Structures are given as C-alpha cells and as structure tokens.
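Undergrad: Here you go, one structure.
No value in this document is a laboratory result; all are computed from the given coordinates. Here the Cβ is made from the backbone with ideal geometry for all residues, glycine too, and neighbour counts use every protein chain on show.
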Amino acid sequence: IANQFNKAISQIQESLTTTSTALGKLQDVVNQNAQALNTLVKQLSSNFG
Amino acid sequence: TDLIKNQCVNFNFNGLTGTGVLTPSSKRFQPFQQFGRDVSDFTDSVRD
C-alpha cells in the first residue's frame, strides 16, 4: 500500500508538470475578470453620438 | 517657457493638454512620431 501511494504521488507530479489543462478553471476565472475590465475601459473610446 | 519636472503640473504641449507628472522616458520613437499611447488610447509620452 505504501508503495502504491508513493508511486501515485510521483505520477501526479509528472502529470501536472507536462500538462496544459490543469487548473484551467482558475485561469478561466482570471480571464473572465480581465475581459470585463477590458470591455469597460475600451468603451471609454466610444463617441455615443 | 521652462519644463517643470517630477510633480503634477498643468501642461499644454504642441496639440496636447491636460494635467500630470512629467518625467524623462526611454521610449524609442521613430523619426516620424510625435507622441505615443498606452494599450488603451490615452497619451503615454510626448516629444518636446
């Protein structure tokens, strides 16, 4: 059991290291926040007539 | 007139007005550029 546990940990480390989908959810939130701010500011350049 | 630096002043450059803090820059302008802007369309730096 100890061996399997230890192995699994090493497995996770490599999985995270070489991937690009891990924590995608956190990146998503950040991206959404940035978009909201970018939109808000950009519209300052609108003439509105 | 002179240039007042490192403090908020009222400015009026050759076609650019407003208030702010004037400091020296390291921006590399082209031979045919008068002033620059930030990512958002506001004046960032000005050629004297």
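Undergrad: For A:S10, state whether it is surrounded by 10 or more Cβ atoms within 10 Å (Cβ to Cβ) and farther than 30 Å from B:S40 by Cβ.
TA: So A:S10 fails the test.
Here is a yes/no grid of residues against (1) of a type in the set (S, T, Y); (2) more than 26 Å from A:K42 (Cα to Cα); (3) touching a helix residue (DSSP H, G or I) at 6+ places or on another chain (Cβ under 9 Å):
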residue: B:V9; (1), (2), (3): no, yes, no
residue: B:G20; (1), (2), (3): no, no, no
residue: B:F29; (1), (2), (3): no, no, no
residue: B:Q34; (1), (2), (3): no, no, no
residue: B:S40; (1), (2), (3): yes, no, yes
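Undergrad: Further question on the same structure: A:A22: assigned to a helix (DSSP H, G or I), free of Cβ contacts under 8 Å to residues at least 24 places away in the same chain, more than 14 Å from chain B (Cβ to nearest Cβ) and small (G, A, S), yes or no?
TA: Here the answer is no, as A:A22 does not meet what is asked.
Undergrad: Another question about this same structure. For B:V9, all conditions in the list (1) hydrophobic (A, V, I, L, M, F, W, C); (2) in a loop (DSSP other than H, G, I, E, B); (3) surrounded by 10 or more Cβ atoms within 10 Å (Cβ to Cβ) hold save one; what is the number of the exception?
TA: That leaves (2) as the condition not met.
Undergrad: Test of understanding: among B:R47, B:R37, B:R28, which residue is surrounded by fewer than 10 Cβ atoms within 10 Å (Cβ to Cβ), out of contact with any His (no Cβ under 8 Å at 6 or more places or on another chain) and among the basic types (K, R)?
TA: B:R28
Yes or no, residue by residue, for (1) polar (S, T, N, Q); (2) under 17 Å from B:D41 (Cα atoms):
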| residue | (1), (2) |
| --- | --- |
| A:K7 | no, no |
| A:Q11 | yes, no |
| A:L23 | no, no |
| A:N31 | yes, no |
| A:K42 | no, yes |
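Undergrad: Collect the residues in the range B:18-48 that are in a strand (DSSP E or B) and away from chain A (no Cβ under 14 Å), keeping them in residue-number order.
TA: Answer for the range B:18-48, where residues must be in a strand (DSSP E or B) and away from chain A (no Cβ under 14 Å): B:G18, B:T19, B:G20, B:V21, B:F35, B:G36, B:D44, B:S45, B:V46.
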